[PDB]
Structures are given as structure tokens and as C-alpha cells.
Amino acid sequence: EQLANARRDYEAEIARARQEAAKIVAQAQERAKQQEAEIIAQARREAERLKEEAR
Amino acid sequence: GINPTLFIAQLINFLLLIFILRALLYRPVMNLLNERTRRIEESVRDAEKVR
């Protein structure tokens, strides 16, 4: 029974690790989408400020 | 008086003895000693394998 639970825990831990890695990549993709979205938005705001100070 | 024919007859008696006892017990009992040794060996290998 020790060997049985060890094997089942090995594959189950791999499975839960893949679930948590799916969560990790989802979080990383969310962070990337965010970061790029407001980086472009902040570029837009800085361009608007440049136009305003030019005026 | 020792008779060579009776001596050979003792040899046949012990041949019957050794062969029938061996076939009916010792190979089953060699399977038994191999069972205990081989099973302890299985336990050992499975021990380092599980850790």
C-alpha cells in the first residue's frame, strides 16, 4: 500500500502541478495583456501631454 | 549374514524414499524457502523504490 499510494501520488502530483501551471500561465498572460494595454495607454497620455505643453 | 541382494534392496528402498519424499515435499519446500527469500527481496527493492 505504501508503493501504491506513492505511485498514485506521483501521477496525481504531476496532474495538480499541471493545473497550477495552467493557472500560472493564465496569470502571466493576464499580467502581460494588462501591462501592454496600459503601457500603450500611458504612451497615448504622454503624447497628449506633449501636445498640450506644446500648445 | 549380509546379503548383497538385500543390500541392493536397501538401495532401492532408499531410492523410493528419496525420490517420493523429494518430489512431494522438498520442491514444494524449496518453493517455500524461495518464497520467503524472494518475497523479502521484493519488500526490500520496493522499499528503496518507494522512497
# chains A, B, ... in the order shown; residues from 1 in each chain; ligands from 1
call {"tool": "closest_atom_pairs", "arguments": {"of": "chain B", "to": "chain A", "cutoff": "10 Å", "atoms": "only C-alpha atoms", "output": "tab-separated table"}}
result
residue	atom	partner	partner_atom	distance
B:46	CA	A:3	CA	7.0
B:47	CA	A:3	CA	8.0
B:49	CA	A:3	CA	8.0
B:50	CA	A:3	CA	5.4
B:51	CA	A:6	CA	8.5
call {"tool": "select_by_dssp", "arguments": {"residues": "chain B", "states": "alpha helix (DSSP H)", "output": "PyMOL selection string"}}
result
chain B and resi 4-21+27-50
call {"tool": "atom_distance", "arguments": {"atom1": "CA of residue 45 in chain B", "atom2": "CA of residue 32 in chain B"}}
result
19.7 Å
call {"tool": "atom_distance", "arguments": {"atom1": "CA of residue 36 in chain A", "atom2": "CA of residue 18 in chain A"}}
result
26.5 Å
